[PDB]
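What follows is one structure encoded as C-alpha cells, with my remarks underneath.
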Amino acid sequence: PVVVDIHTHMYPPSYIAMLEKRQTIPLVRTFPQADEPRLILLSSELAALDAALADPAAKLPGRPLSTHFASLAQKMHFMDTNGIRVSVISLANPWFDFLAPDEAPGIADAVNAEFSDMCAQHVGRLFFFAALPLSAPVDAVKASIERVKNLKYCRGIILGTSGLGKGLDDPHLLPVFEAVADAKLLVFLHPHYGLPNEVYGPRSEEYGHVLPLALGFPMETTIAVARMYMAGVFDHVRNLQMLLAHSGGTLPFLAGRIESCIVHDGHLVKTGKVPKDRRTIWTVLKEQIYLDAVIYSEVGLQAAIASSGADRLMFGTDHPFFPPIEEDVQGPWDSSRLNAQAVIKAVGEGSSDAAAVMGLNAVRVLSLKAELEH
Amino acid sequence: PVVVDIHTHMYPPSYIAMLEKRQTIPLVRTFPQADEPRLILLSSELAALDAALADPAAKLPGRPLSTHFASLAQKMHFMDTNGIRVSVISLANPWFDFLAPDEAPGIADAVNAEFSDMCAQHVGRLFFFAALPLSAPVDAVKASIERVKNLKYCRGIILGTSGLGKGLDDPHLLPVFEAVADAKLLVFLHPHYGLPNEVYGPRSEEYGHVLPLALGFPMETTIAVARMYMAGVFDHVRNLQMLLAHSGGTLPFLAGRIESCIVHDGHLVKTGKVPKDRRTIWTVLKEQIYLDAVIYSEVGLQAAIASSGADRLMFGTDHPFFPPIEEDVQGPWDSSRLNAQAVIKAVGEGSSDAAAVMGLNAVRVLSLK
Ligand SMILES: O=c1[nH]cc([N+](=O)[O-])c(=O)[nH]1
Ligand SMILES: O=c1[nH]cc([N+](=O)[O-])c(=O)[nH]1
Ligand SMILES: [Zn+2]
Ligand SMILES: [Zn+2]
C-alpha cells in the first residue's frame, strides 16, 4: 500500500523573496550571529523580534528558515528517507492573506503555476493544494478558482481562518465555498492566526513556541469550523468537502459539548434555530469533513477515528515545521514517525485501516489512483 | 453502587444579594417581560446587556436565574429525580475574584461556612469544594485554607484560571498550591474568563451562548493547565492533585501535540528545559490530574479514560447551568443523562469501570464517609 502525506509545506523562492522584503509580520530577516535566516510568522514572535533588533545579545526571533522550505530536492529526499511515496504539498501560512487587493490575483496565479511545475518534476509522486487571493474582490477569487482547477496536479485549495477578512462564517464567502465545491476541490483548512497573545500570560516567552503552536493553532481551527457550522455553511453548501488540520484541532473532543450547548441554548431553541431535522455536527463529521492524522498520539487519533471514521482520516507530517533538534535534519524525522506510530498503535500494523489512513484514503478522495496505476 | 456528582454548583442567597447590588459584570437584573431575573456573568454577554438596557425590544441578556441556583431543596430534588446519591457542591464562577482585597477574606469565610451548614442539612449526601479569597494577600489566602480544611464536609478547593490575577504559572501562587496540597485538599480547576470575545467574530451574537460555553470554557482550562505544566508547578508541588473541569477541557486530545511541540522546541531544548528524565504530560495526567466526565460523548470520554485511566474519571452534571429548554425543569435533565449515557457507551453498563466513574472513584479519592 502507498503512503501519502497530505499535510506538507513549501515556500517557493519567489515567495521567500516577498517575505525578505516585508517590514511587518510575516517577514524573513537575517541576523549577523545566525547562519540561517529567521522566519517570523506569528503575532506571538513580535516581542522577541523587537528585542532582537534593539539588542544583539537577545535570542534569535521566530524560527530558522531552513533550506527545507524552498528546496524541492530536499522535499523528495525527506519523502524517500521517511517512507513516503506521494506528497500533496501546499503553500504554508500565511498564504496570500497579507497581499494588497490589486496585486493578489497576479501573484496567486504565478505561485500556483509554480507549484504545478514543481509537481511536474516528479510525475505521480507530487500533487498540490492551491492558495487563493482572498484579499481581492470575490470575482477575482472565483476566476482564480477556475484557473487552479485546470492546473495539472492540483487536487484542492488550502485556506486560513480569516476568509475575506471576517472569518469563515462571513456570508460573502459562501460563493467562494460554492465555486470550490462545484469544482470538486477539497478545501484544506489550516491555522495561522492563533489566539490573542494575552491568553498565554506574562511568562509566555519562557515556554518557546509551545503554547501558540500546541494550543493556539488547533483552537483557532476549532473556532473557525464551529463558526462555519453554526452559520449553516455545511447546509448551504451541501457538496462542500473539508480537510481539517491537526485532526480537526480539538473538534472530535468537543463535538458532544457543542451538541449539548446547542440543544440547551434557550435563545436558539426559542427562535427556531434548533429544528428536529437539524443535521448534527456528528453527521457533518461523517459526511463533509475529513481529518488529517497530525495528532501525535493514538489517543487523539482514536477520538478522530470515532468521529469521522477510519475512511476519513489522512496521514500527514507537517514537514518542514518540526525538524529534529539534535539529530540529522536529513535523516528520519521524529515528527513524522510519531504520527505513523499513532496509526499503528490505534488500528494495528498491516491492517486495512492502517493502509487507508496511511495513504489509501487520500488516493481515493483525491483521485491519485489513475496517476498511480499509470 | 453510589452515584456521585462532583461538578455541581450553587449561589448562596446572600451571594445573590451582592449580585443585584453590582453595577458591572457579574450582575443580576430583573427585566419587565420576565419576572425570573437575569444572571449575567460573562464578558460575552456584555453587548447584549447594553442592547437590553437601551432598547426594550432587544433580547433578554445572560441566562435565567432559576430557583435551582439558590435553593438547596431544588438541589436535592434534582438529585432524587436524576438518580444522584451524593453531590460535591461548589460556588459557581466567578467566585470571589471581583471582590476588593479588604472585604474578600471575611466574605469567603462567611460563604464557606454557609456551604458547610448546607451540607449538614443532608448528612452523607452533601460535601463541598471551598472557594478562596484570591484577590486578598497570599497570607490571608493561606489562613482561609487552614480554616476550610477544618470545616465539616469540605473536600477540596474550587478555583478559577486567573489565580492572583496573573494566571496559574504565577510564582507567587506557588505557596498557595503548597498549602492546598499539604492540607490534602483536591483542587477543582474551573473556567470562567474564556477567551477574548473578538475570536468569535462579528456574528457571535447570532449563536447564543454556544461558542463561549462550548469552546471558550474548555480552551481556557487547557491553556491554564498547560501554563502550570510548562512552569513546572506539578514538579514543584509533587503532592498536588487537581480535578479538571470538562474532562480537562481539550487536554486529553492535545497532550500528544503538546509533547511533540516541547521535544521539538529549539529554544527549550538548547536552554536545557527538556532533560531526559523530564516528567511528561502523560505522566502528570496519570499521577496528579483527575478528570470530570462532563464531556457529553463516549468519544471524548474514551480519550479522557485513555489519558488518565478509568480510576481517575469522575461523573458530573454541571447543574444548574443547563436546564431542559422545552421539557419539565422538575424532571430528569438531559444534560445529566447525556454524561451517564456516555459512560455506559464507553465502558458498558454494570461494569466495574462504570461504577468507578459514576461514583466510586469520587468516594475513594475524596473520602466520602
Ligand atoms: O508556522 C507554522 N507553525 C506550525 C505549523 N503547523 O504545525 O501546522 C505550520 O504549518 N506553520
Ligand atoms: O456560567 C457558567 N456557564 C457554564 C458552566 N459550566 O457549564 O461549567 C459554568 O460552570 N458556569
Ligand atoms: Zn501545517
Ligand atoms: Zn461548571
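Letters A, B, ... go to the chains of the C-alpha cells in the order shown; residues in each chain start at 1; ligands are counted from 1 in the same order.
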
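Around residue B:82, within 9 Å and counting only C-alpha atoms, the residues found are residues 331, 332, 333, 336 and 337 of chain B, once anything fewer than 6 positions away on its own chain is removed.
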
May I have the residues from that selection written out with C-alpha atoms, as a short mmCIF file (atom, residue, chain, number, x, y, z; two decimals), in the first residue's frame?
```
data_model
loop_
_atom_site.label_atom_id
_atom_site.label_comp_id
_atom_site.auth_asym_id
_atom_site.auth_seq_id
_atom_site.Cartn_x
_atom_site.Cartn_y
_atom_site.Cartn_z
CA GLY B 331 -37.99 16.21 35.61
CA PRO B 332 -34.78 14.43 34.59
CA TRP B 333 -32.14 16.65 32.91
CA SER B 336 -27.01 14.91 33.19
CA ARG B 337 -28.30 11.86 31.26
#
```

Each residue of chain A with at least one atom at most 7 Å from ligand 3 should appear once, together with its nearest atom pair and the corresponding distance in Å (one decimal); atoms considered: only C-alpha atoms and all ligand atoms; ordering: chain, then increasing residue number; output as JSON lines.
```
{"residue": "A:7", "atom": "CA", "partner": "ligand 3", "partner_atom_place_in_ligand_line": "1 (Zn)", "distance": 6.3}
{"residue": "A:8", "atom": "CA", "partner": "ligand 3", "partner_atom_place_in_ligand_line": "1 (Zn)", "distance": 6.6}
{"residue": "A:9", "atom": "CA", "partner": "ligand 3", "partner_atom_place_in_ligand_line": "1 (Zn)", "distance": 6.8}
{"residue": "A:92", "atom": "CA", "partner": "ligand 3", "partner_atom_place_in_ligand_line": "1 (Zn)", "distance": 6.6}
{"residue": "A:190", "atom": "CA", "partner": "ligand 3", "partner_atom_place_in_ligand_line": "1 (Zn)", "distance": 6.7}
{"residue": "A:318", "atom": "CA", "partner": "ligand 3", "partner_atom_place_in_ligand_line": "1 (Zn)", "distance": 4.8}
```

Can you tell me which residues surround residue A:57 at a distance of at most 12 Å, considering only C-alpha atoms, apart from same-chain residues fewer than 2 positions away, and format the answer as a ChimeraX atom specification?
/A:31-34,48,51-55,59-61

For the residues selected in the previous step, produce a file with N, CA, C and O atoms as a short mmCIF file (atom, residue, chain, number, x, y, z; two decimals), in the first residue's frame.
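Output file result-v1.cif follows:
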```cif
data_model
loop_
_atom_site.label_atom_id
_atom_site.label_comp_id
_atom_site.auth_asym_id
_atom_site.auth_seq_id
_atom_site.Cartn_x
_atom_site.Cartn_y
_atom_site.Cartn_z
N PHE A 31 20.25 37.60 10.62
CA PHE A 31 20.98 38.20 11.73
C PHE A 31 22.45 37.82 11.65
O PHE A 31 22.78 36.69 11.31
N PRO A 32 23.36 38.78 11.97
CA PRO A 32 24.80 38.54 11.86
C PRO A 32 25.29 37.27 12.57
O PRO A 32 26.13 36.56 12.03
N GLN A 33 24.74 36.99 13.75
CA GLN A 33 25.16 35.84 14.55
C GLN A 33 24.66 34.48 14.04
O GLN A 33 25.36 33.48 14.16
N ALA A 34 23.46 34.46 13.46
CA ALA A 34 22.86 33.22 12.96
C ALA A 34 23.37 32.86 11.57
O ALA A 34 23.76 33.74 10.79
N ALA A 48 9.86 39.27 20.76
CA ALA A 48 11.23 38.78 20.61
C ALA A 48 11.96 39.41 19.42
O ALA A 48 13.18 39.60 19.48
N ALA A 51 13.02 42.96 20.49
CA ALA A 51 14.17 42.81 21.37
C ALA A 51 15.44 42.42 20.62
O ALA A 51 16.53 42.88 20.96
N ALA A 52 15.30 41.57 19.61
CA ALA A 52 16.45 41.12 18.81
C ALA A 52 17.03 42.23 17.94
O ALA A 52 18.22 42.23 17.65
N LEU A 53 16.17 43.16 17.53
CA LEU A 53 16.59 44.32 16.75
C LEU A 53 17.28 45.36 17.63
O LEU A 53 18.24 46.00 17.22
N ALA A 54 16.77 45.51 18.86
CA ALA A 54 17.28 46.51 19.80
C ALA A 54 18.50 46.03 20.60
O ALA A 54 19.15 46.82 21.28
N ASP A 55 18.81 44.74 20.49
CA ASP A 55 19.88 44.13 21.28
C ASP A 55 20.48 42.92 20.55
O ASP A 55 19.75 41.98 20.22
N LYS A 59 17.89 36.63 22.24
CA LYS A 59 17.69 35.41 21.47
C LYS A 59 17.18 35.70 20.06
O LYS A 59 16.52 36.73 19.83
N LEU A 60 17.49 34.81 19.12
CA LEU A 60 17.00 34.94 17.75
C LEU A 60 15.48 34.80 17.70
O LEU A 60 14.92 33.88 18.30
N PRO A 61 14.80 35.73 17.01
CA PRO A 61 13.35 35.68 16.93
C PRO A 61 12.86 34.67 15.90
O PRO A 61 13.64 34.20 15.07
#
```

Counting only C-alpha atoms, collect the residues of chain B whose closest atom lies at most 6 Å from chain A, and write them out as a ChimeraX atom specification.
/B:208,210,214,253,256-258,261,267,296-297,299-300,303,325

Surrounding residues as a short mmCIF file (atom, residue, chain, number, x, y, z; two decimals) with N, CA and C atoms, in the first residue's frame, ligand 4, max 12 Å, only C-alpha atoms and all ligand atoms:
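selection.cif, written as the output of this step:
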```cif
data_model
loop_
_atom_site.label_atom_id
_atom_site.label_comp_id
_atom_site.auth_asym_id
_atom_site.auth_seq_id
_atom_site.Cartn_x
_atom_site.Cartn_y
_atom_site.Cartn_z
N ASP B 5 -22.02 13.11 42.06
CA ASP B 5 -21.88 14.24 41.16
C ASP B 5 -20.82 15.20 41.73
N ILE B 6 -19.63 15.24 41.13
CA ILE B 6 -18.57 16.14 41.62
C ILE B 6 -18.53 17.52 40.98
N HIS B 7 -19.43 17.77 40.03
CA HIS B 7 -19.43 19.03 39.29
C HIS B 7 -20.82 19.61 39.26
N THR B 8 -21.12 20.42 40.27
CA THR B 8 -22.48 20.87 40.54
C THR B 8 -22.40 22.09 41.45
N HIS B 9 -23.16 23.13 41.11
CA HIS B 9 -22.96 24.46 41.67
C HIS B 9 -24.14 25.03 42.41
N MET B 10 -23.85 26.03 43.24
CA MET B 10 -24.87 26.83 43.92
C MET B 10 -24.34 28.24 44.14
N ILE B 89 -20.82 19.86 46.08
CA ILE B 89 -21.22 21.15 45.53
C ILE B 89 -20.11 22.20 45.58
N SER B 90 -20.20 23.20 44.72
CA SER B 90 -19.23 24.28 44.73
C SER B 90 -19.91 25.59 44.35
N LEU B 91 -19.37 26.68 44.87
CA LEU B 91 -19.77 28.00 44.44
C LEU B 91 -19.43 28.14 42.96
N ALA B 92 -20.34 28.74 42.20
CA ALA B 92 -20.14 28.88 40.77
C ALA B 92 -19.24 30.08 40.46
N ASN B 93 -18.71 30.12 39.24
CA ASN B 93 -18.00 31.28 38.73
C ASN B 93 -18.84 32.56 38.85
N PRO B 94 -18.20 33.71 39.13
CA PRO B 94 -16.77 33.97 39.26
C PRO B 94 -16.24 33.97 40.70
N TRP B 95 -16.92 33.25 41.60
CA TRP B 95 -16.46 33.09 42.98
C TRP B 95 -16.22 34.42 43.65
N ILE B 158 -12.29 24.92 45.04
CA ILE B 158 -12.56 25.28 43.65
C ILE B 158 -11.79 26.55 43.33
N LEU B 159 -11.12 26.59 42.19
CA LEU B 159 -10.53 27.85 41.75
C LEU B 159 -10.54 28.10 40.24
N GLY B 160 -10.52 29.38 39.89
CA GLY B 160 -10.52 29.80 38.51
C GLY B 160 -9.10 29.93 37.99
N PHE B 188 -10.14 21.78 42.40
CA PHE B 188 -11.04 21.68 41.27
C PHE B 188 -10.84 22.94 40.44
N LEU B 189 -10.23 22.76 39.27
CA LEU B 189 -9.96 23.87 38.37
C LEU B 189 -11.11 24.07 37.41
N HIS B 190 -11.63 25.28 37.36
CA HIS B 190 -12.86 25.56 36.63
C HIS B 190 -12.71 26.84 35.85
N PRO B 191 -13.25 26.86 34.61
CA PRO B 191 -13.18 28.02 33.73
C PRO B 191 -14.17 29.13 34.11
N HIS B 192 -13.94 30.32 33.58
CA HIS B 192 -14.88 31.44 33.69
C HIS B 192 -14.61 32.54 32.70
N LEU B 213 -19.41 29.01 25.70
CA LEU B 213 -19.58 27.88 26.61
C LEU B 213 -18.98 26.58 26.07
N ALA B 214 -19.26 26.27 24.80
CA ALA B 214 -18.76 25.03 24.20
C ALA B 214 -17.27 25.09 23.88
N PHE B 217 -14.72 28.06 27.33
CA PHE B 217 -14.50 27.46 28.65
C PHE B 217 -13.44 26.36 28.62
N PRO B 218 -13.66 25.29 27.83
CA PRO B 218 -12.68 24.20 27.85
C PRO B 218 -11.30 24.61 27.33
N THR B 221 -9.45 26.32 30.18
CA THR B 221 -8.95 25.30 31.10
C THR B 221 -7.65 24.69 30.58
N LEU B 244 -9.91 18.46 36.89
CA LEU B 244 -10.10 19.37 35.77
C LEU B 244 -11.52 19.31 35.25
N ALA B 245 -12.14 20.48 35.14
CA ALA B 245 -13.49 20.61 34.62
C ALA B 245 -13.55 20.19 33.16
N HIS B 246 -14.68 19.59 32.79
CA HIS B 246 -15.00 19.21 31.41
C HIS B 246 -13.95 18.32 30.79
N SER B 247 -13.56 17.29 31.54
CA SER B 247 -12.58 16.29 31.08
C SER B 247 -11.23 16.88 30.65
N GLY B 249 -10.89 19.98 29.54
CA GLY B 249 -11.13 20.96 28.50
C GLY B 249 -10.89 20.35 27.13
N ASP B 292 -13.07 15.25 35.33
CA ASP B 292 -14.51 15.02 35.43
C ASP B 292 -15.01 14.44 34.10
N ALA B 293 -16.23 13.92 34.09
CA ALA B 293 -16.74 13.26 32.90
C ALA B 293 -17.84 14.09 32.26
N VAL B 294 -17.77 15.40 32.47
CA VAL B 294 -18.70 16.33 31.84
C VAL B 294 -18.19 16.58 30.43
N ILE B 295 -18.47 15.62 29.55
CA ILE B 295 -17.93 15.62 28.20
C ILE B 295 -18.98 15.28 27.14
N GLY B 316 -20.11 14.06 36.58
CA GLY B 316 -20.62 15.36 37.00
C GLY B 316 -21.75 15.77 36.08
N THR B 317 -22.52 16.79 36.47
CA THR B 317 -23.71 17.20 35.70
C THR B 317 -23.68 18.66 35.28
N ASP B 318 -22.89 19.45 35.98
CA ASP B 318 -22.85 20.91 35.82
C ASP B 318 -24.17 21.60 36.16
N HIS B 319 -24.98 20.95 36.99
CA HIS B 319 -26.21 21.54 37.50
C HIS B 319 -25.85 22.81 38.23
N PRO B 320 -26.62 23.89 38.03
CA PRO B 320 -27.87 24.01 37.28
C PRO B 320 -27.76 24.78 35.96
N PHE B 321 -26.58 24.80 35.35
CA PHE B 321 -26.36 25.69 34.21
C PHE B 321 -27.05 25.31 32.90
N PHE B 322 -27.37 24.03 32.72
CA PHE B 322 -28.03 23.58 31.50
C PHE B 322 -29.38 22.88 31.73
N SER B 335 -28.91 17.06 30.21
CA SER B 335 -27.51 17.43 30.38
C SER B 335 -26.79 16.51 31.37
#
```

Could you please write out, as a list in words, every residue of stretch 129-224 of chain A that DSSP assigns to strand (DSSP E or B)?
residues 129, 130, 131, 154, 155, 156, 157, 158, 159, 163, 167, 186, 187, 188 and 189 of chain A

Keeping N, CA, C and O atoms, export the residues of the selection given above as a CSV table (one decimal), in the first residue's frame.
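That gives us result_16.csv:
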```
chain,number,residue,atom,x,y,z
A,129,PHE,N,-2.3,21.4,-3.1
A,129,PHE,CA,-3.4,22.3,-2.8
A,129,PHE,C,-2.9,23.7,-3.2
A,129,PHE,O,-1.8,24.1,-2.9
A,130,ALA,N,-3.8,24.4,-3.8
A,130,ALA,CA,-3.6,25.8,-4.3
A,130,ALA,C,-4.1,26.8,-3.2
A,130,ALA,O,-5.0,26.5,-2.5
A,131,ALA,N,-3.5,28.0,-3.2
A,131,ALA,CA,-3.9,29.0,-2.3
A,131,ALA,C,-4.6,30.1,-3.1
A,131,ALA,O,-4.4,30.3,-4.2
A,154,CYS,N,-3.2,19.8,-9.4
A,154,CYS,CA,-3.9,20.5,-8.4
A,154,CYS,C,-5.1,19.5,-7.9
A,154,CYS,O,-5.8,19.0,-8.7
A,155,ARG,N,-5.1,19.4,-6.6
A,155,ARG,CA,-6.2,18.5,-6.0
A,155,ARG,C,-7.0,19.2,-4.9
A,155,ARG,O,-7.7,18.5,-4.2
A,156,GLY,N,-6.8,20.5,-4.7
A,156,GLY,CA,-7.6,21.2,-3.8
A,156,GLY,C,-7.1,22.6,-3.5
A,156,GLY,O,-6.3,23.2,-4.2
A,157,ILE,N,-7.7,23.2,-2.4
A,157,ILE,CA,-7.4,24.6,-2.0
A,157,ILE,C,-7.0,24.5,-0.5
A,157,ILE,O,-7.6,23.8,0.3
A,158,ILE,N,-5.9,25.2,-0.2
A,158,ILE,CA,-5.6,25.4,1.2
A,158,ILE,C,-6.0,26.9,1.5
A,158,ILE,O,-5.8,27.8,0.8
A,159,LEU,N,-6.7,27.0,2.7
A,159,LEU,CA,-7.1,28.3,3.2
A,159,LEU,C,-7.0,28.5,4.7
A,159,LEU,O,-7.1,27.5,5.4
A,163,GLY,N,-10.7,34.1,6.0
A,163,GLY,CA,-11.6,34.2,4.9
A,163,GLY,C,-11.3,35.4,4.1
A,163,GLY,O,-10.2,35.6,3.6
A,167,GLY,N,-13.6,36.1,8.8
A,167,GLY,CA,-13.7,34.7,9.2
A,167,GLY,C,-14.6,33.9,8.3
A,167,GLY,O,-15.0,34.4,7.2
A,186,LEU,N,-11.1,19.7,-2.8
A,186,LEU,CA,-11.1,19.5,-1.4
A,186,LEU,C,-10.5,20.8,-0.7
A,186,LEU,O,-9.5,21.3,-1.2
A,187,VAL,N,-11.2,21.3,0.3
A,187,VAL,CA,-10.7,22.5,1.0
A,187,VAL,C,-10.0,22.1,2.2
A,187,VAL,O,-10.5,21.4,3.1
A,188,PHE,N,-8.7,22.5,2.3
A,188,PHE,CA,-7.8,22.2,3.4
A,188,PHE,C,-7.7,23.4,4.4
A,188,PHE,O,-7.1,24.4,4.0
A,189,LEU,N,-8.4,23.3,5.5
A,189,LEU,CA,-8.5,24.4,6.5
A,189,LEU,C,-7.3,24.3,7.4
A,189,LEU,O,-7.1,23.3,8.1
```

So which one's closest to residue B:298, B:154, B:4, B:344, B:185? Using only C-alpha atoms, please.
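Smallest separation from residue B:298 among the options: B:344.
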
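The shortest atom-to-atom distance to ligand 1, with only C-alpha atoms and all ligand atoms taken into account, belongs to B:265 out of B:76, B:131, B:265, B:65.
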
Which is closest to residue B:306 among B:52, B:40, B:119, B:346, if we use only C-alpha atoms?
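So, comparing all the options, the nearest one is B:346.
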
Gap from atom CA of residue A:81 to atom CA of residue B:259 - Å, one decimal
23.5 Å

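For the set B:277, B:137, B:193, B:67, the residue with the smallest atom-to-atom gap to ligand 2 is B:193, counting only C-alpha atoms and all ligand atoms.
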
Which residues come within 10 Å of residue B:163, counting only C-alpha atoms, excluding same-chain residues fewer than 2 positions away, as a PyMOL selection string?
chain B and resi 97+132+134-135+159-161+165-170+172-173+176+224

Excluding same-chain residues fewer than 6 positions from residue A:148, what lies within 12 Å of it counting only C-alpha atoms, as a PyMOL selection string?
chain A and resi 105+108-116+128-133+141-142+154-158+179-180+183-185

Create the file for the chosen residues now, containing C-alpha atoms and written as a CSV table (one decimal), in the first residue's frame.
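Resulting contents of part10.csv:
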```csv
chain,number,residue,atom,x,y,z
A,105,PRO,CA,-4.6,37.7,-8.2
A,108,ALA,CA,-1.5,33.9,-6.6
A,109,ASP,CA,-1.7,32.8,-10.3
A,110,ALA,CA,2.1,32.9,-10.7
A,111,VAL,CA,2.7,30.9,-7.4
A,112,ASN,CA,0.0,28.3,-8.1
A,113,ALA,CA,1.6,27.9,-11.5
A,114,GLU,CA,5.0,27.3,-9.8
A,115,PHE,CA,3.5,24.6,-7.6
A,116,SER,CA,2.1,22.8,-10.7
A,128,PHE,CA,-0.8,20.1,-4.5
A,129,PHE,CA,-3.4,22.3,-2.8
A,130,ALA,CA,-3.6,25.8,-4.3
A,131,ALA,CA,-3.9,29.0,-2.3
A,132,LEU,CA,-6.4,31.8,-3.1
A,133,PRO,CA,-6.1,35.6,-3.3
A,141,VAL,CA,-11.2,34.8,-6.3
A,142,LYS,CA,-13.8,33.0,-8.5
A,154,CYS,CA,-3.9,20.5,-8.4
A,155,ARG,CA,-6.2,18.5,-6.0
A,156,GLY,CA,-7.6,21.2,-3.8
A,157,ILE,CA,-7.4,24.6,-2.0
A,158,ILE,CA,-5.6,25.4,1.2
A,179,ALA,CA,-17.2,27.6,-6.5
A,180,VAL,CA,-14.6,25.4,-4.9
A,183,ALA,CA,-15.0,22.4,-9.0
A,184,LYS,CA,-14.8,19.3,-6.7
A,185,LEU,CA,-11.7,20.6,-4.9
```
